[PDB]
Every structure is written in structure tokens, then in C-alpha cells.
$ cat my_file_26.cif   # mmCIF, N, CA and C atoms; chains and numbers go by the auth columns
data_data
#
loop_
_atom_site.group_PDB
_atom_site.id
_atom_site.type_symbol
_atom_site.label_atom_id
_atom_site.label_comp_id
_atom_site.label_asym_id
_atom_site.label_seq_id
_atom_site.Cartn_x
_atom_site.Cartn_y
_atom_site.Cartn_z
_atom_site.B_iso_or_equiv
_atom_site.auth_seq_id
_atom_site.auth_asym_id
ATOM 1 N N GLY A 1 25.115 6.085 7.749 0.00 1 A
ATOM 2 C CA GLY A 1 24.561 7.473 7.860 0.00 1 A
ATOM 3 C C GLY A 1 25.393 8.431 6.999 0.00 1 A
ATOM 4 N N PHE A 2 25.173 9.719 7.124 0.00 2 A
ATOM 5 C CA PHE A 2 25.952 10.700 6.328 0.00 2 A
ATOM 6 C C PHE A 2 25.849 12.054 7.007 0.00 2 A
ATOM 7 N N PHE A 3 24.650 12.573 7.160 0.00 3 A
ATOM 8 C CA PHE A 3 24.532 13.896 7.790 0.00 3 A
ATOM 9 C C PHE A 3 23.248 14.059 8.615 0.00 3 A
ATOM 10 N N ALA A 4 22.135 13.532 8.159 0.00 4 A
ATOM 11 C CA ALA A 4 20.864 13.730 8.924 0.00 4 A
ATOM 12 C C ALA A 4 19.708 12.912 8.342 0.00 4 A
ATOM 13 N N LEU A 5 19.528 12.979 7.056 0.00 5 A
ATOM 14 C CA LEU A 5 18.418 12.240 6.423 0.00 5 A
ATOM 15 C C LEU A 5 18.949 11.180 5.466 0.00 5 A
ATOM 16 N N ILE A 6 20.250 11.097 5.258 0.00 6 A
ATOM 17 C CA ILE A 6 20.771 10.040 4.329 0.00 6 A
ATOM 18 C C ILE A 6 20.009 8.693 4.508 0.00 6 A
ATOM 19 N N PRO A 7 19.716 8.284 5.745 0.00 7 A
ATOM 20 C CA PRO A 7 18.961 7.014 5.947 0.00 7 A
ATOM 21 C C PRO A 7 17.496 7.156 5.487 0.00 7 A
ATOM 22 N N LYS A 8 17.012 8.364 5.282 0.00 8 A
ATOM 23 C CA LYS A 8 15.603 8.533 4.814 0.00 8 A
ATOM 24 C C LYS A 8 15.601 8.825 3.313 0.00 8 A
ATOM 25 N N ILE A 9 16.633 9.468 2.821 0.00 9 A
ATOM 26 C CA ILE A 9 16.712 9.750 1.358 0.00 9 A
ATOM 27 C C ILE A 9 16.709 8.424 0.615 0.00 9 A
ATOM 28 N N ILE A 10 17.233 7.392 1.228 0.00 10 A
ATOM 29 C CA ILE A 10 17.195 6.081 0.558 0.00 10 A
ATOM 30 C C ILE A 10 15.839 5.417 0.826 0.00 10 A
ATOM 31 N N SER A 11 14.844 6.168 1.250 0.00 11 A
ATOM 32 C CA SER A 11 13.501 5.550 1.492 0.00 11 A
ATOM 33 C C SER A 11 13.101 4.733 0.256 0.00 11 A
ATOM 34 N N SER A 12 13.353 5.264 -0.911 0.00 12 A
ATOM 35 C CA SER A 12 13.031 4.510 -2.160 0.00 12 A
ATOM 36 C C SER A 12 13.955 3.275 -2.281 0.00 12 A
ATOM 37 N N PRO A 13 15.259 3.500 -2.305 0.00 13 A
ATOM 38 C CA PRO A 13 16.231 2.373 -2.396 0.00 13 A
ATOM 39 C C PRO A 13 16.508 1.723 -1.020 0.00 13 A
ATOM 40 N N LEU A 14 15.584 1.784 -0.088 0.00 14 A
ATOM 41 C CA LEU A 14 15.838 1.178 1.262 0.00 14 A
ATOM 42 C C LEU A 14 14.523 0.883 1.996 0.00 14 A
ATOM 43 N N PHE A 15 13.724 1.892 2.224 0.00 15 A
ATOM 44 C CA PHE A 15 12.428 1.680 2.951 0.00 15 A
ATOM 45 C C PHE A 15 11.513 0.743 2.174 0.00 15 A
ATOM 46 N N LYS A 16 11.361 0.947 0.887 0.00 16 A
ATOM 47 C CA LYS A 16 10.477 0.036 0.083 0.00 16 A
ATOM 48 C C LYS A 16 10.852 -1.433 0.336 0.00 16 A
ATOM 49 N N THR A 17 12.043 -1.672 0.822 0.00 17 A
ATOM 50 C CA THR A 17 12.475 -3.055 1.123 0.00 17 A
ATOM 51 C C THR A 17 11.951 -3.376 2.505 0.00 17 A
ATOM 52 N N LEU A 18 12.116 -2.452 3.420 0.00 18 A
ATOM 53 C CA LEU A 18 11.535 -2.648 4.765 0.00 18 A
ATOM 54 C C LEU A 18 10.021 -2.677 4.569 0.00 18 A
ATOM 55 N N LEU A 19 9.559 -1.970 3.561 0.00 19 A
ATOM 56 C CA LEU A 19 8.110 -1.966 3.253 0.00 19 A
ATOM 57 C C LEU A 19 7.768 -3.293 2.601 0.00 19 A
ATOM 58 N N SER A 20 8.577 -3.740 1.664 0.00 20 A
ATOM 59 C CA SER A 20 8.312 -5.076 1.057 0.00 20 A
ATOM 60 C C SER A 20 8.380 -6.093 2.196 0.00 20 A
ATOM 61 N N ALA A 21 9.248 -5.833 3.151 0.00 21 A
ATOM 62 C CA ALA A 21 9.359 -6.722 4.326 0.00 21 A
ATOM 63 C C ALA A 21 8.077 -6.634 5.137 0.00 21 A
ATOM 64 N N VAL A 22 7.633 -5.438 5.378 0.00 22 A
ATOM 65 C CA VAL A 22 6.373 -5.241 6.139 0.00 22 A
ATOM 66 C C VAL A 22 5.198 -5.724 5.301 0.00 22 A
ATOM 67 N N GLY A 23 5.227 -5.438 4.029 0.00 23 A
ATOM 68 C CA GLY A 23 4.142 -5.911 3.125 0.00 23 A
ATOM 69 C C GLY A 23 4.072 -7.431 3.243 0.00 23 A
ATOM 70 N N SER A 24 5.139 -8.041 3.666 0.00 24 A
ATOM 71 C CA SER A 24 5.141 -9.522 3.848 0.00 24 A
ATOM 72 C C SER A 24 4.933 -9.846 5.333 0.00 24 A
ATOM 73 N N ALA A 25 5.335 -8.954 6.193 0.00 25 A
ATOM 74 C CA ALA A 25 5.168 -9.172 7.665 0.00 25 A
ATOM 75 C C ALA A 25 3.768 -8.739 8.111 0.00 25 A
ATOM 76 N N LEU A 26 3.127 -7.914 7.333 0.00 26 A
ATOM 77 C CA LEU A 26 1.762 -7.438 7.682 0.00 26 A
ATOM 78 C C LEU A 26 0.742 -8.031 6.705 0.00 26 A
ATOM 79 N N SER A 27 1.079 -8.092 5.439 0.00 27 A
ATOM 80 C CA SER A 27 0.134 -8.680 4.444 0.00 27 A
ATOM 81 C C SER A 27 0.254 -10.205 4.464 0.00 27 A
ATOM 82 N N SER A 28 1.447 -10.715 4.667 0.00 28 A
ATOM 83 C CA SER A 28 1.624 -12.195 4.733 0.00 28 A
ATOM 84 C C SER A 28 1.557 -12.606 6.204 0.00 28 A
ATOM 85 N N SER A 29 2.444 -12.085 7.013 0.00 29 A
ATOM 86 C CA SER A 29 2.384 -12.387 8.473 0.00 29 A
ATOM 87 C C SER A 29 1.309 -11.480 9.095 0.00 29 A
ATOM 88 N N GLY A 30 0.950 -11.689 10.329 0.00 30 A
ATOM 89 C CA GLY A 30 -0.112 -10.838 10.954 0.00 30 A
ATOM 90 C C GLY A 30 -1.475 -11.260 10.395 0.00 30 A
ATOM 91 N N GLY A 31 -1.665 -11.131 9.101 0.00 31 A
ATOM 92 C CA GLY A 31 -2.962 -11.548 8.481 0.00 31 A
ATOM 93 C C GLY A 31 -3.002 -13.076 8.397 0.00 31 A
ATOM 94 N N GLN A 32 -1.916 -13.684 7.966 0.00 32 A
ATOM 95 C CA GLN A 32 -1.849 -15.181 7.861 0.00 32 A
ATOM 96 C C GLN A 32 -2.927 -15.712 6.897 0.00 32 A
ATOM 97 N N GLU A 33 -2.955 -15.208 5.690 0.00 33 A
ATOM 98 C CA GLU A 33 -3.968 -15.676 4.693 0.00 33 A
ATOM 99 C C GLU A 33 -3.277 -16.411 3.533 0.00 33 A
#
$ encode --input "my_file_26.cif" --output "C-alpha cells"
Amino acid sequence: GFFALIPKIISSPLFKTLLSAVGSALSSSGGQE
């Protein structure tokens, strides 16, 4: 952390990974295609 949004400011250098993770957990997993 840092002050308040530091964990969100890295949305690009951090969330897109959780998103790539979800894109694989929702597009790959969940759907199972």
C-alpha cells in the first residue's frame, strides 16, 4: 500500500493481471470451452 489508492493506481500494472487471471478464470474457467 502507500496512502489510499496506490493499490488501484497500479490497476494497469496490476489489475490487468488479475483481469488476465479473470479473463482466464471467466473466459477459460467458468465457461470451460
$ axis_aligned_box --input "my_file_26.cif" --around "segment 20-33 of chain A" --padding-each-side "5 Å" --output "AutoDock Vina command-line options"
--center_x 2.7 --center_y -10.1 --center_z 6.0 --size_x 23.3 --size_y 22.7 --size_z 19.9
$ atom_distance --input "my_file_26.cif" --atom1 "atom CA of residue 10 of chain A" --atom2 "atom C of residue 27 of chain A"
23.8 Å
$ atom_distance --input "my_file_26.cif" --atom1 "atom N of residue 6 of chain A" --atom2 "atom N of residue 24 of chain A"
24.4 Å
$ atom_distance --input "my_file_26.cif" --atom1 "atom CA of residue 31 of chain A" --atom2 "atom C of residue 16 of chain A"
19.0 Å
$ select_by_dssp --input "my_file_26.cif" --residues "chain A" --states "alpha helix (DSSP H)" --output "list in words"
residues 6, 7, 8, 9, 16, 17, 18, 19, 20, 21, 22, 23, 24 and 25 of chain A
